[PDB]
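Undergrad: Quick one: the structure is below, and I'll ask about it shortly.
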Amino acid sequence: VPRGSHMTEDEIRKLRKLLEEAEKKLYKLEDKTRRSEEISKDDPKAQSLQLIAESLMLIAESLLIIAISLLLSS
Amino acid sequence: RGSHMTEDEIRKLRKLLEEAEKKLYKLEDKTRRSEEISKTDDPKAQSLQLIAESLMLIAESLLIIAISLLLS
Amino acid sequence: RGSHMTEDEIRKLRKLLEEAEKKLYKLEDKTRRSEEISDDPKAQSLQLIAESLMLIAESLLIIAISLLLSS
Amino acid sequence: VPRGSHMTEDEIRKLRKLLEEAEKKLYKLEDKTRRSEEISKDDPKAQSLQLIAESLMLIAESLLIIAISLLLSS
Amino acid sequence: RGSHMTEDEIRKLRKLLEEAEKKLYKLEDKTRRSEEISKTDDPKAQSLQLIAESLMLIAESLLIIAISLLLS
Amino acid sequence: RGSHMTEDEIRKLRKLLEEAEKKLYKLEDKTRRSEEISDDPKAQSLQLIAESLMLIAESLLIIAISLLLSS
Amino acid sequence: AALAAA
Amino acid sequence: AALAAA
């Protein structure tokens with residue numbers, strides 16, 4: 001995206017650092033959610049809770065991409 | 001010298017966005033099947049099901065937001 | 001050079017947003033019905049949580065449209 | 001904010017329409033949450049669920065303001 | 001003739017933002033008190049409590065986002 | 001004339017974001033501990049939901065910083 | 001809520 | 001994650 005960032009380069013180093021840390025966490029989390037998906041439960045409540053977690057994983061993924069684009073455009 | 005987003009970088013974020021859209025589709029189909037097998041015995045269960053379906057819509061809108069912000 | 005997107009792609013993103021709005025409306029009607037069929041503070045709380053998430057989805061669809069049609 | 005909107009004026013009429021509709025829904029919802037807050041329950045789970053709803057009401061409020069600002073700046 | 005956001009309009013959205021920040025503070029204090037009275041008998045309850053506390057942080061960040069977007 | 005904000009106000013918003021990040025870290029440590037103390041698919045699911053929300057809060061704090069320091 | 005852009 | 005701006 002365009003240029004013109006107006007904040008500390010030091011923060012831009014460290015925010016990329018934490019975003020990367022958050023991507024690592026996310027991958028490990030999607031691994032845990034995957035495992036939980038196939039490893040065990042026949043209940044409508046249980047199925048719904050798992051779908052809620054699985055959805056939130058995607059929300060977190062898209063927000064990480066949003067934070068990356070905003071970070072390198074800002 | 002440097003540049004905001006290398007064309008390959010925006011391409012590689014577009015890759016992950018594609019993966020996430022495909023997964024989202026698989027999740028909404030999975031939720032659909034749960035929708036037809038669902039039970040009508042407890043409003044709590046109905047509420048949880050509505051919560052999940054709502055979150056799929058939220059994820060859908062946030063993926064489109066991520067595309068619009070990225071292709072800008 | 002800020003934005004570089006194909007007109008057809010942006011048109012298809014507008015479609016996907018529209019379809020998601022229809023889904024949302026059907027979801028809000030489903031919830032109006034299911035809520036209207038029903039003394040538990042937890043069950044009431046879950047119902048309020050769902051209603052909130054529907055509102056959140058509404059605002060994010062409006063945000064997604066605004067961000068899309070300014071790109 | 002700056003000018004330069006690039007979308008249909010017709011949509012800008014209708015998105016303000018739905019945003020207003022969503023503000024009405026929100027107010028009625030915060031009324032329902034308020035009532036639920038004082039009208040009845042001594043359980044850590046119950047207290048937590050209510051706090052979750054009460055928080056989501058604020059998230060919805062802030063996202064409505066975000067959608068308004070983005071709508072009238074875009 | 002017209003204008004993006006009338007100064008009074010951005011002021012009136014700032015008003016609602018102020019109301020929402022005050023309420024958020026009251027909610028985080030309420031959650032605090034629940035934090036000290038909390039029970040340690042079920043991890044489900046602990047998870048719900050963490051979910052609420054997380055959502056207060058999400059609301060906090062979204063209110064600051066709303067300020068930054070509005071004062072732009 | 002796009003942005004019109006007091007330097008002191010933007011500095012105090014950066015502080016509030018910092019304090020919220022500290023709260024987040026303490027929350028993630030709290031969850032690491034409580035998660036590590038624990039066979040139920042629901043309880044596991046709630047734990048995953050909390051972990052997700054922590055991640056969401058992380059990304060929104062980074063977004064809030066980026067939007068704040070470009071205003 | 002329905003539009004095209006380019 | 002810590003900065004000032006104006």
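To be explicit about the labels: the chains of the structure tokens are called A, B, and onward in the order shown, and within each one the residues are counted from 1, while ligands get numbers from 1 in the order they are shown.
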Can you pull out the residues contacting residue 2 (chain C)? Cut-off 8 Å, using only C-alpha atoms, and skip same-chain residues under 5 positions away; I want them as an NGL selection string.

TA: (:A and (1-2)) or (:B and (72))

Undergrad: Any chance you could export the current selection's N, CA, C and O atoms as a compact mmCIF listing (two decimals), in the first residue's frame?

TA:
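New file part12.txt:
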# COMPACT_ATOMS: atom_id res chain seq x y z
N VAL A 1 0.85 -1.22 0.00
CA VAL A 1 0.00 0.00 0.00
C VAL A 1 0.87 1.25 0.00
O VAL A 1 2.10 1.16 0.03
N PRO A 2 0.24 2.43 -0.05
CA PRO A 2 1.00 3.68 -0.04
C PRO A 2 1.95 3.78 1.15
O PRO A 2 1.92 2.99 2.09
N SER B 72 -5.63 -2.71 -1.21
CA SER B 72 -5.67 -1.25 -1.17
C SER B 72 -4.28 -0.62 -1.03
O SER B 72 -3.38 -0.89 -1.82

Undergrad: Kindly provide, as a short mmCIF file (atom, residue, chain, number, x, y, z; two decimals) with N, CA and C atoms, in the first residue's frame, the residues of chain A having any atom no farther than 6 Å from an atom of chain F, counting only C-alpha atoms.

TA:
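See result35.cif below for the written result:
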data_model
loop_
_atom_site.label_atom_id
_atom_site.label_comp_id
_atom_site.auth_asym_id
_atom_site.auth_seq_id
_atom_site.Cartn_x
_atom_site.Cartn_y
_atom_site.Cartn_z
N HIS A 6 3.67 7.10 10.16
CA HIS A 6 3.91 8.26 11.01
C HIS A 6 4.22 7.89 12.45
N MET A 7 4.67 6.67 12.69
CA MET A 7 4.93 6.16 14.03
C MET A 7 6.37 5.68 14.12
N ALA A 46 -22.40 -29.96 22.30
CA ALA A 46 -20.98 -30.19 22.05
C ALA A 46 -20.60 -29.80 20.63
N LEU A 49 -20.52 -25.96 20.42
CA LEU A 49 -19.34 -25.34 21.03
C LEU A 49 -18.12 -25.52 20.15
N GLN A 50 -17.92 -26.72 19.63
CA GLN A 50 -16.78 -26.90 18.75
C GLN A 50 -16.86 -26.01 17.52
N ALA A 53 -15.67 -22.58 18.46
CA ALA A 53 -14.22 -22.46 18.51
C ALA A 53 -13.62 -22.42 17.11
N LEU A 56 -14.10 -19.08 15.61
CA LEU A 56 -13.25 -18.05 16.19
C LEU A 56 -11.81 -18.18 15.70
N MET A 57 -11.38 -19.40 15.36
CA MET A 57 -10.05 -19.56 14.78
C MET A 57 -9.94 -18.79 13.47
N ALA A 60 -9.83 -15.03 14.16
CA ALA A 60 -8.48 -14.65 14.57
C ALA A 60 -7.53 -14.61 13.38
N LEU A 63 -8.25 -11.50 11.32
CA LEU A 63 -7.81 -10.30 12.02
C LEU A 63 -6.30 -10.20 12.04
N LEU A 64 -5.59 -11.33 12.01
CA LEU A 64 -4.14 -11.26 11.91
C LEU A 64 -3.73 -10.72 10.54
N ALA A 67 -4.38 -7.02 10.60
CA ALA A 67 -3.37 -6.31 11.38
C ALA A 67 -2.06 -6.21 10.62
N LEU A 71 -0.55 -2.79 9.40
CA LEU A 71 0.76 -2.45 9.94
C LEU A 71 1.71 -2.00 8.84
N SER A 74 0.58 1.43 7.26
CA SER A 74 0.49 2.55 8.18
C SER A 74 1.83 2.88 8.79
#

Undergrad: Near residue 13 (chain B), counting only C-alpha atoms, which residues have an atom at most 9 Å away, once you skip same-chain residues fewer than 5 positions from it, shown as a PyMOL selection string?

TA: (chain A and resi 65+68-69) or (chain B and resi 8+18+70)

Undergrad: Could the residues of chain B within 12 Å of chain F, counting only C-alpha atoms, be given as number ranges by chain, please?

TA: B: 52, 55, 59, 62

Undergrad: Would you please extract all alpha helix (DSSP H) residues from chain B, as assigned by DSSP on the backbone, and give them as number ranges by chain?

TA: B: 7-37, 43-70

Undergrad: Go ahead and compute the interatomic distance for CA of residue 3 (chain E) and CA of residue 15 (chain D), in Å to one decimal.

TA: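 One can read the CA of residue 3 (chain E) to CA of residue 15 (chain D) distance as 17.6 Å.
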
Undergrad: What would you get as a PDB file with C-alpha atoms, in the first residue's frame if chain E were moved onto chain B by least squares over all of its C-alpha atoms in order?

TA:
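superposed_38.pdb, written as the output of this step:
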ATOM      1  CA  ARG E   1      15.824   1.137   0.058  1.00  0.00           C
ATOM      2  CA  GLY E   2      12.454  -0.480   0.736  1.00  0.00           C
ATOM      3  CA  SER E   3       8.793  -0.674  -0.169  1.00  0.00           C
ATOM      4  CA  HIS E   4       5.522  -0.964   1.734  1.00  0.00           C
ATOM      5  CA  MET E   5       4.335  -4.394   0.575  1.00  0.00           C
ATOM      6  CA  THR E   6       6.283  -6.431  -1.960  1.00  0.00           C
ATOM      7  CA  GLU E   7       3.917  -7.677  -4.661  1.00  0.00           C
ATOM      8  CA  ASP E   8       4.824 -11.224  -3.672  1.00  0.00           C
ATOM      9  CA  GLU E   9       4.012 -10.365  -0.038  1.00  0.00           C
ATOM     10  CA  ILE E  10       0.498  -9.139  -0.887  1.00  0.00           C
ATOM     11  CA  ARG E  11       0.256 -12.249  -3.066  1.00  0.00           C
ATOM     12  CA  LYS E  12       1.273 -14.479  -0.146  1.00  0.00           C
ATOM     13  CA  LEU E  13      -1.259 -12.869   2.177  1.00  0.00           C
ATOM     14  CA  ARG E  14      -3.799 -13.361  -0.606  1.00  0.00           C
ATOM     15  CA  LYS E  15      -2.798 -17.034  -0.514  1.00  0.00           C
ATOM     16  CA  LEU E  16      -3.633 -17.362   3.178  1.00  0.00           C
ATOM     17  CA  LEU E  17      -6.874 -15.464   2.583  1.00  0.00           C
ATOM     18  CA  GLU E  18      -7.791 -18.006  -0.104  1.00  0.00           C
ATOM     19  CA  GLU E  19      -7.082 -20.872   2.296  1.00  0.00           C
ATOM     20  CA  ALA E  20      -9.264 -19.206   4.930  1.00  0.00           C
ATOM     21  CA  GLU E  21     -12.156 -18.646   2.521  1.00  0.00           C
ATOM     22  CA  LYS E  22     -12.097 -22.293   1.433  1.00  0.00           C
ATOM     23  CA  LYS E  23     -12.020 -23.436   5.069  1.00  0.00           C
ATOM     24  CA  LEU E  24     -14.859 -21.044   5.882  1.00  0.00           C
ATOM     25  CA  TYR E  25     -16.954 -22.664   3.151  1.00  0.00           C
ATOM     26  CA  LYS E  26     -16.240 -26.113   4.598  1.00  0.00           C
ATOM     27  CA  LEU E  27     -17.202 -24.837   8.062  1.00  0.00           C
ATOM     28  CA  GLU E  28     -20.506 -23.360   6.905  1.00  0.00           C
ATOM     29  CA  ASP E  29     -21.336 -26.663   5.187  1.00  0.00           C
ATOM     30  CA  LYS E  30     -20.466 -28.537   8.397  1.00  0.00           C
ATOM     31  CA  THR E  31     -22.711 -26.165  10.340  1.00  0.00           C
ATOM     32  CA  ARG E  32     -25.438 -26.756   7.763  1.00  0.00           C
ATOM     33  CA  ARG E  33     -25.357 -30.512   8.370  1.00  0.00           C
ATOM     34  CA  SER E  34     -25.493 -29.883  12.115  1.00  0.00           C
ATOM     35  CA  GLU E  35     -28.420 -27.575  11.270  1.00  0.00           C
ATOM     36  CA  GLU E  36     -30.470 -30.396   9.791  1.00  0.00           C
ATOM     37  CA  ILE E  37     -29.527 -32.984  12.435  1.00  0.00           C
ATOM     38  CA  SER E  38     -30.086 -30.416  15.251  1.00  0.00           C
ATOM     39  CA  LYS E  39     -32.392 -31.052  18.231  1.00  0.00           C
ATOM     40  CA  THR E  40     -35.366 -28.994  19.446  1.00  0.00           C
ATOM     41  CA  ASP E  41     -35.349 -29.947  23.140  1.00  0.00           C
ATOM     42  CA  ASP E  42     -33.501 -27.010  24.747  1.00  0.00           C
ATOM     43  CA  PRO E  43     -33.415 -23.295  23.836  1.00  0.00           C
ATOM     44  CA  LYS E  44     -29.842 -23.254  25.145  1.00  0.00           C
ATOM     45  CA  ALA E  45     -28.824 -25.596  22.317  1.00  0.00           C
ATOM     46  CA  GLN E  46     -30.714 -23.440  19.804  1.00  0.00           C
ATOM     47  CA  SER E  47     -28.921 -20.371  21.154  1.00  0.00           C
ATOM     48  CA  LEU E  48     -25.514 -22.023  20.814  1.00  0.00           C
ATOM     49  CA  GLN E  49     -26.350 -23.016  17.239  1.00  0.00           C
ATOM     50  CA  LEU E  50     -27.388 -19.425  16.439  1.00  0.00           C
ATOM     51  CA  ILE E  51     -24.155 -18.221  18.058  1.00  0.00           C
ATOM     52  CA  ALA E  52     -22.066 -20.420  15.768  1.00  0.00           C
ATOM     53  CA  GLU E  53     -24.023 -19.452  12.644  1.00  0.00           C
ATOM     54  CA  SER E  54     -23.615 -15.783  13.565  1.00  0.00           C
ATOM     55  CA  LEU E  55     -19.874 -16.250  14.031  1.00  0.00           C
ATOM     56  CA  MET E  56     -19.622 -17.774  10.558  1.00  0.00           C
ATOM     57  CA  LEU E  57     -21.207 -14.603   9.206  1.00  0.00           C
ATOM     58  CA  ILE E  58     -18.776 -12.484  11.253  1.00  0.00           C
ATOM     59  CA  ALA E  59     -15.824 -14.465   9.882  1.00  0.00           C
ATOM     60  CA  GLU E  60     -17.216 -14.070   6.360  1.00  0.00           C
ATOM     61  CA  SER E  61     -17.449 -10.285   6.697  1.00  0.00           C
ATOM     62  CA  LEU E  62     -13.984 -10.094   8.253  1.00  0.00           C
ATOM     63  CA  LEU E  63     -12.460 -12.086   5.393  1.00  0.00           C
ATOM     64  CA  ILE E  64     -14.014  -9.694   2.878  1.00  0.00           C
ATOM     65  CA  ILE E  65     -12.713  -6.808   5.002  1.00  0.00           C
ATOM     66  CA  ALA E  66      -9.259  -8.377   4.914  1.00  0.00           C
ATOM     67  CA  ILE E  67      -9.409  -8.588   1.121  1.00  0.00           C
ATOM     68  CA  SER E  68     -10.518  -4.969   0.737  1.00  0.00           C
ATOM     69  CA  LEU E  69      -7.823  -3.722   3.121  1.00  0.00           C
ATOM     70  CA  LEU E  70      -5.153  -5.885   1.486  1.00  0.00           C
ATOM     71  CA  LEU E  71      -6.003  -4.916  -2.122  1.00  0.00           C
ATOM     72  CA  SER E  72      -5.670  -1.253  -1.172  1.00  0.00           C
TER      73      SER E  72
END

Undergrad: Matching every Cα in sequence order between the two identical chains, what are the coordinates of chain A once fitted onto chain D? Write them as an mmCIF file with C-alpha atoms, in the first residue's frame.

TA:
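Output below, filename result-v9.cif:
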data_model
loop_
_atom_site.group_PDB
_atom_site.id
_atom_site.type_symbol
_atom_site.label_atom_id
_atom_site.label_comp_id
_atom_site.auth_asym_id
_atom_site.auth_seq_id
_atom_site.Cartn_x
_atom_site.Cartn_y
_atom_site.Cartn_z
ATOM 1 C CA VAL A 1 -13.356 13.172 7.445
ATOM 2 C CA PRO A 2 -12.065 13.828 3.913
ATOM 3 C CA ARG A 3 -14.239 13.542 0.825
ATOM 4 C CA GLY A 4 -13.934 11.275 -2.195
ATOM 5 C CA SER A 5 -16.576 8.576 -1.666
ATOM 6 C CA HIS A 6 -16.574 6.217 -4.636
ATOM 7 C CA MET A 7 -19.780 4.181 -4.252
ATOM 8 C CA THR A 8 -23.470 4.533 -4.989
ATOM 9 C CA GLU A 9 -25.265 7.367 -3.233
ATOM 10 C CA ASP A 10 -28.217 4.967 -3.136
ATOM 11 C CA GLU A 11 -26.242 2.532 -1.004
ATOM 12 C CA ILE A 12 -25.080 5.399 1.203
ATOM 13 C CA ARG A 13 -28.776 6.139 1.836
ATOM 14 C CA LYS A 14 -29.614 2.506 2.595
ATOM 15 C CA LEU A 15 -26.549 1.729 4.740
ATOM 16 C CA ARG A 16 -27.404 4.679 6.951
ATOM 17 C CA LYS A 17 -30.895 3.174 7.013
ATOM 18 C CA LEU A 18 -29.680 -0.241 8.225
ATOM 19 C CA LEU A 19 -27.186 1.304 10.650
ATOM 20 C CA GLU A 20 -30.034 3.268 12.225
ATOM 21 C CA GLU A 21 -32.154 0.106 12.343
ATOM 22 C CA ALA A 22 -29.229 -1.593 14.095
ATOM 23 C CA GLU A 23 -28.993 1.221 16.647
ATOM 24 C CA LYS A 24 -32.674 0.735 17.436
ATOM 25 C CA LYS A 25 -32.106 -3.004 17.851
ATOM 26 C CA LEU A 26 -29.101 -2.291 20.073
ATOM 27 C CA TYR A 27 -31.024 0.043 22.371
ATOM 28 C CA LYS A 28 -33.822 -2.507 22.775
ATOM 29 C CA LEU A 29 -31.175 -5.167 23.405
ATOM 30 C CA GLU A 30 -29.398 -3.141 26.100
ATOM 31 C CA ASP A 31 -32.816 -2.673 27.676
ATOM 32 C CA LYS A 32 -33.336 -6.444 27.675
ATOM 33 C CA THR A 33 -29.812 -6.980 29.097
ATOM 34 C CA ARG A 34 -30.381 -4.335 31.775
ATOM 35 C CA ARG A 35 -33.672 -5.919 32.808
ATOM 36 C CA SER A 36 -32.014 -9.340 32.870
ATOM 37 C CA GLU A 37 -29.227 -7.867 35.015
ATOM 38 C CA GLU A 38 -31.451 -6.737 37.863
ATOM 39 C CA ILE A 39 -34.430 -9.102 37.432
ATOM 40 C CA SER A 40 -32.837 -12.360 38.642
ATOM 41 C CA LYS A 41 -29.701 -14.462 39.056
ATOM 42 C CA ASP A 42 -25.739 -16.851 42.691
ATOM 43 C CA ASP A 43 -23.739 -18.917 40.174
ATOM 44 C CA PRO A 44 -20.245 -18.247 38.754
ATOM 45 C CA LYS A 45 -21.344 -19.598 35.368
ATOM 46 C CA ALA A 46 -24.470 -17.419 35.351
ATOM 47 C CA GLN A 47 -22.512 -14.309 36.317
ATOM 48 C CA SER A 48 -19.966 -15.056 33.598
ATOM 49 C CA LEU A 49 -22.571 -15.556 30.855
ATOM 50 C CA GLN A 50 -24.236 -12.297 31.731
ATOM 51 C CA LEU A 51 -20.910 -10.468 31.694
ATOM 52 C CA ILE A 52 -20.273 -11.996 28.253
ATOM 53 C CA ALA A 53 -23.558 -10.608 26.934
ATOM 54 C CA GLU A 54 -22.948 -7.220 28.567
ATOM 55 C CA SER A 55 -19.498 -7.075 26.938
ATOM 56 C CA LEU A 56 -20.837 -8.026 23.512
ATOM 57 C CA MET A 57 -23.311 -5.152 23.799
ATOM 58 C CA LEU A 58 -20.340 -2.769 24.044
ATOM 59 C CA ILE A 59 -18.548 -4.458 21.153
ATOM 60 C CA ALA A 60 -21.686 -4.007 19.038
ATOM 61 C CA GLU A 61 -21.924 -0.355 20.115
ATOM 62 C CA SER A 62 -18.320 0.427 19.168
ATOM 63 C CA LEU A 63 -18.678 -1.404 15.864
ATOM 64 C CA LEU A 64 -21.769 0.656 15.074
ATOM 65 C CA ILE A 65 -19.756 3.833 15.666
ATOM 66 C CA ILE A 66 -16.941 2.423 13.519
ATOM 67 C CA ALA A 67 -19.408 1.631 10.739
ATOM 68 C CA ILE A 68 -20.859 5.148 10.933
ATOM 69 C CA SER A 69 -17.463 6.848 10.754
ATOM 70 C CA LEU A 70 -16.344 4.602 7.904
ATOM 71 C CA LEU A 71 -19.638 5.164 6.095
ATOM 72 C CA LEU A 72 -19.488 8.973 6.222
ATOM 73 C CA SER A 73 -15.757 9.081 5.449
ATOM 74 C CA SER A 74 -15.958 6.614 2.556
#

Undergrad: Can you build me a table of chain H residues sitting at most 6 Å from chain F, with the closest atom pair per residue and its distance in Å to one decimal, using only C-alpha atoms, sorted by chain and residue number, as JSON lines?

TA:
{"residue": "H:4", "atom": "CA", "partner": "F:11", "partner_atom": "CA", "distance": 5.0}
{"residue": "H:5", "atom": "CA", "partner": "F:69", "partner_atom": "CA", "distance": 5.8}
{"residue": "H:6", "atom": "CA", "partner": "F:7", "partner_atom": "CA", "distance": 4.6}

Undergrad: Please save C-alpha atoms of the selected residues as an mmCIF file, in the first residue's frame.

TA:
data_model
loop_
_atom_site.group_PDB
_atom_site.id
_atom_site.type_symbol
_atom_site.label_atom_id
_atom_site.label_comp_id
_atom_site.auth_asym_id
_atom_site.auth_seq_id
_atom_site.Cartn_x
_atom_site.Cartn_y
_atom_site.Cartn_z
ATOM 1 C CA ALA H 4 3.552 9.026 20.537
ATOM 2 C CA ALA H 5 2.071 10.799 17.531
ATOM 3 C CA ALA H 6 0.708 14.168 16.444
#
